[PDB]
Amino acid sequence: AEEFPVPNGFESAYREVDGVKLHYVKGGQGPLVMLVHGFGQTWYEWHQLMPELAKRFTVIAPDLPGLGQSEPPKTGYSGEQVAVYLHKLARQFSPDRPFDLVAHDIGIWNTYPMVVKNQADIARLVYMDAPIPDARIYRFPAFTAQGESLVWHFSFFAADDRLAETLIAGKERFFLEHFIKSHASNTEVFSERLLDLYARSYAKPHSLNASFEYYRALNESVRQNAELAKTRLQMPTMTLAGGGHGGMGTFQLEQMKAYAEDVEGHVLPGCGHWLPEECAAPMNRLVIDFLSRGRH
């Protein structure tokens, strides 16, 4: 039983990590690259990029704890807690060599701590379209002169009393179409069929709840990262962000400069938050080229 179709030549599998059963999709040969998805989605956001990377790399794309087909975390949802699971998963497949990391959205939140704590395990790093949790997140506006702001949902999802789950339960498909399209420039790629796929996954009650627990832990992740950020990242890094409606634009690189010694950034015109789907050709090319600078 698979929530999303596996690309030809890939396998859907599971690994128990610290008592939590993580789902992932894997294929290819060579040095390892781990691709980590974000909110509203699963490993499947990477399904177009995966076959291309598999020609040069071993590719693994896990579902975040609680999301897709992965069990919820047993420790907690703060970035530092979740990063342990992802770090241990990757090291199972690459115990003797550094691996590459690509992360989108909350995939960033859930990987940053293990990157900074295990820098020698990370060969190269690509982060896309979302802030690393730090004090900058408190500067985003609640409301803009154009309408709804980029991250007002932080408060919605973090709110007490299970506000978000209570409102969205039974309306997951409606909500996700709105959330995704409101954060997109090229909305046309989100067909009803594709939205049905993503909505069916996050509508699993434990998944709807897990989704919001990442936001309930956001302030804790900020506190964690305040300490971790005292040591800059030393490996080659690339940031990508959408320049169109719903994207992070110039914020992505500007924030990353405070975190990394070696960073190059790109803003993709006419692309919002959902880079792998909205702008597959240019995003895939940027990722493949950047990672092919290293061993493969």
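Residue numbers here begin at 1 and follow the sequence given.
> Quick one: say whether 61 to 69 or 228 to 236 has the higher mean Cα B-factor in the deposited entry.
228 to 236 has the higher mean C-alpha B-factor.
> Per the PDB record, is the mean Cα temperature factor higher over 39 to 47 or over 255 to 263?
The deposited B-factors put 255 to 263 ahead on the C-alpha mean.
> According to the Cα B-factor stored in this entry, which of the following is highest: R193, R139, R200, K181?
Going by the entry's C-alpha B-factors, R139 comes out highest.
> According to the Cα B-factor stored in this entry, which of the following is highest: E165, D160, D105, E177?
The record points to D160.
> Name the third of the chain's ranked CA B-factors that contains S149, choosing lowest, middle or highest.
Ranked within chain, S149 CA B lands in the highest tercile.
> Test of reading the entry: by CA B factor among the chain's modelled residues, which third contains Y77?
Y77: CA B-factor falls in the middle third of its chain.
> Among the modelled residues of its chain, does the C-alpha B-factor of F10 lie in the lowest, middle or highest third?
Its C-alpha B-factor belongs to the highest third of this chain's values.
> Split the chain's modelled residues into thirds by Cα B-factor; is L22 in the lowest, middle or highest one?
CA B-factor rank for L22: middle third.
> Sorting by Cα B-factor within the chain, modelled residues only, which third would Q119 end up in: lowest, middle or highest?
According to the entry, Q119 has a C-alpha B-factor in the chain's highest third.
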